[PDB]
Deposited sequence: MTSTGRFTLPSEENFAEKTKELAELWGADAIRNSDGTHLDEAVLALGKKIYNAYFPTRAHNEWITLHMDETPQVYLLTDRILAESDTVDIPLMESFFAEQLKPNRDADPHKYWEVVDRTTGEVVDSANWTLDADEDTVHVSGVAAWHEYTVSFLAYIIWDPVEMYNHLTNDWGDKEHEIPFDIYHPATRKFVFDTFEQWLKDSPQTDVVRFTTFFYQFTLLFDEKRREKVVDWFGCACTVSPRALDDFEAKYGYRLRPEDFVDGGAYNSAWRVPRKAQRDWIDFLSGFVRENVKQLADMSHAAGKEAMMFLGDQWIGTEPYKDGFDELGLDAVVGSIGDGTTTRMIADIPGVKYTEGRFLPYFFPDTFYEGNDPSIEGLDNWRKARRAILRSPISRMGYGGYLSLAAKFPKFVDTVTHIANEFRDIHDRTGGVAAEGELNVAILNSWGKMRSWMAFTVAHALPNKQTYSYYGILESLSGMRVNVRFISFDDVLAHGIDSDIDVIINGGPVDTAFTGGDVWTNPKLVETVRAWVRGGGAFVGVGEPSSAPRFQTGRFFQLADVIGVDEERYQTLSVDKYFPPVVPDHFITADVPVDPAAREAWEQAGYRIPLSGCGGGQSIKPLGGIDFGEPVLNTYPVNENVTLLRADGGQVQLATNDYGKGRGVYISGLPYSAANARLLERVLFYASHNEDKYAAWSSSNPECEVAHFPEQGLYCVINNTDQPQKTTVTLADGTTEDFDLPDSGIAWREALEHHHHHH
């Protein structure tokens, strides 16, 4: 049990620093061991940026919609934005760089028809149509670094000076940053690892007039424009971006949107620029005898750790924030670095009286099921070490975790567990957004995302191989012959279902043919959906999965539901209260009634949490197998399709039960039922990792209980376990 652990520094508590590093087998100290220093290339020099204020990052902002009540309207620029963070750019010619849109028609208002007030941040529009809504899209300087701003507001730093951010796209600021880092390196001989936190462009993070978050996209590049960059883009790509190409009608190019060419063009542009400079920073670091480590977050926009070429940056490490299985996978699967690191929870900060061991062991549980599938090299925590030395139950929690971690490494050699199936998530983005589907705010699923995010989180720690593919991959090269299951999920008209790509007959031909020949297709929520393309067919692959969504176009056609099959391989681990099942059996099915179809269960069978409902799903014919069809619509179904199978699930919030459901779905759909038993846990609360090349397996408790489970080995025999609080057994 040696090393692989990163411990954060403390102001003066330099006494227990030697004792806790010895107790935890620590080999690195954050901020005779390895030393990490956080570097912040775009802030922490107000002495520079105040003298060149037009070199701050900038962003297109969309004003509120203003109603015109005659042929003129006044549109205030800053009324809905935090004036401490953002300020309208009056230097760059508004009539050149801004755009007033009539949102009612979609037409751009002619620049002869509007002016910027000389003394107020107000736009005067004349010659317009009464009773239309009008917005301005304008450039704004970001005069306060979004993350430092966030920490300021969160910790209430009061009147502490606001860090002004700068943009290395301007040659003067770029020269300053490199000169400074050179000097910094010279002045930092003790530092072993430069922890870049992060680089050049903050992810979209804008605040409103009430000091609240207004707009956030962990992947967003709102905060990446300036007049020079926009003009250079035109010179390089051969057309001019509209402000609309960034404000996106109010959507701000959310990753949920079906990606437009303009967005891809901008990503490529930004990425060439960011990557060359990151490499320069890594080179300088290495030339000084130091390692370069990137933080996966904050100013990470334009790095693209999952695009090809990332390796050529020559970064030594990626370090990332661990909130769960999915966010662990984001870090763990990154190619082209020497090692990876997770900053585990809880952070060492007062708001975590309480038993802090619980969060720490829990954060470790969501992460460890993922680490088993895709190991991370190192672990650690941030913050105030004095604040946690005070909690003796927690210190012992960490000693255990650091040792379990290394024991895992020492048993497995950092090798990943064996995957029993090959699963592909199919969406508009593919590999570049590996493990990043459905995310808005990092680690914060919500009402609108959690029914889909649950898919990734289920997969993150599952005994299968997961890969991320795009509709472009499938159209150019077909479906790789080693894939067992394809998954398509999300709401209609998103990047994650795909939108109008589904009206492209080549795509449909390719998937249909592959499933007919024995492939497996799993649709979640509104899979393969295309609005208005066919009057009687919303899910374009409805025939594959046996389920469509009624969109109020087909109410005249009676829908007939076949009887639900309660005893089935897929649902075999769902406990049902006998009295629930009894009620469901007793009430029976609806009798055909004019205009109402028939066969829908009068009472629900239940037992399963499906998240957000997809209303009026129905079976396409009576040969589709219904597994849950409660409340007059369909939540779970399966269909045979030539040699292959399609499955529908309306939604899938993460839980052990739901992860087991999905796993069973994956083995069933790819006709691999008899392959399921080997290396399985009978208890859904527990999970098995098989390491054949080492002749070993482990079984883990996903919880802080005692859990009883039977593991089935490949040779048919069974081994029983009684697992203590988040335990781990090895055979």
{"query": "Where the deposited sequence has no C-alpha coordinates (positions from 1, in order)", "finding": "1 to 2, 34 to 46, 368 to 370, 750 to 759"}
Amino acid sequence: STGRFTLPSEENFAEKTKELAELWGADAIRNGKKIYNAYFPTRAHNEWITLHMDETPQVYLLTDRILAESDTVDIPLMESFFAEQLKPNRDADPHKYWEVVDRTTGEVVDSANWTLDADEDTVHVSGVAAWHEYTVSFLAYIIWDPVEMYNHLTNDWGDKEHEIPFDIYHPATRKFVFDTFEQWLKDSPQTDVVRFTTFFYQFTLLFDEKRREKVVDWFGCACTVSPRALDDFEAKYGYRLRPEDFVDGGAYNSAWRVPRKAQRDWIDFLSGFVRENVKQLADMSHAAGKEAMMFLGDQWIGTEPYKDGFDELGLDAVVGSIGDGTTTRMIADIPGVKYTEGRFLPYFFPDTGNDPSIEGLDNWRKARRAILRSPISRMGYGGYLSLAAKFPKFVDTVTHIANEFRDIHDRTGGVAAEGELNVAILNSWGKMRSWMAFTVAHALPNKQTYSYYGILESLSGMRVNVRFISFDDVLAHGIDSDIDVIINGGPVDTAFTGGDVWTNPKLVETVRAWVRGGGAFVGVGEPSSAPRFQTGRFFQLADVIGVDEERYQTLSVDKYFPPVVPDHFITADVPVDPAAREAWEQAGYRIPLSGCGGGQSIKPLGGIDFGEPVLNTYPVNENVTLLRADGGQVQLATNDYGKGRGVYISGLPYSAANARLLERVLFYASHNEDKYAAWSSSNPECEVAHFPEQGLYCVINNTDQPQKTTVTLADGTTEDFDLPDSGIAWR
From here on, numbers count along this sequence of modelled residues.
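Whichever C-alpha set is largest while still superposing within 1.5 Å between the two forms counts as the rigid core.
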{"query": "Between stretches 244 to 252 and 340 to 348, more displaced by Cα RMS in 4 other deposited structures of this protein (rigid core superposition)", "finding": "340 to 348"}
{"query": "In 4 other deposited structures of this protein, rigid core aligned: more displaced of 640 to 648 and 397 to 405 by C-alpha RMS", "finding": "397 to 405"}
{"query": "Residue stretch of maximal mean CA temperature factor, 502 to 510 vs 280 to 288", "finding": "280 to 288"}
{"query": "Of 306 to 314 and 410 to 418, the stretch whose C-alpha atoms average the higher B-factor in the entry", "finding": "410 to 418"}
{"query": "Highest-ranked of 662, 61, 669, 700 once sorted by CA temperature factor in the record", "finding": "700"}
{"query": "Highest recorded Cα temperature factor - choice among 295, 344, 256, 207", "finding": "344"}
{"query": "Third of chain Cα B-factors occupied by residue 496", "finding": "lowest"}
{"query": "Entry-reported Cα temperature factor of residue 463, expressed as the chain third it lands in", "finding": "middle"}
{"query": "Third of chain Cα B-factors occupied by residue 320", "finding": "middle"}
{"query": "Residue 233, C-alpha B-factor rank within chain (lowest, middle or highest third)", "finding": "middle"}
{"query": "Residue 651 CA temperature factor, ranked by third within the chain", "finding": "lowest"}
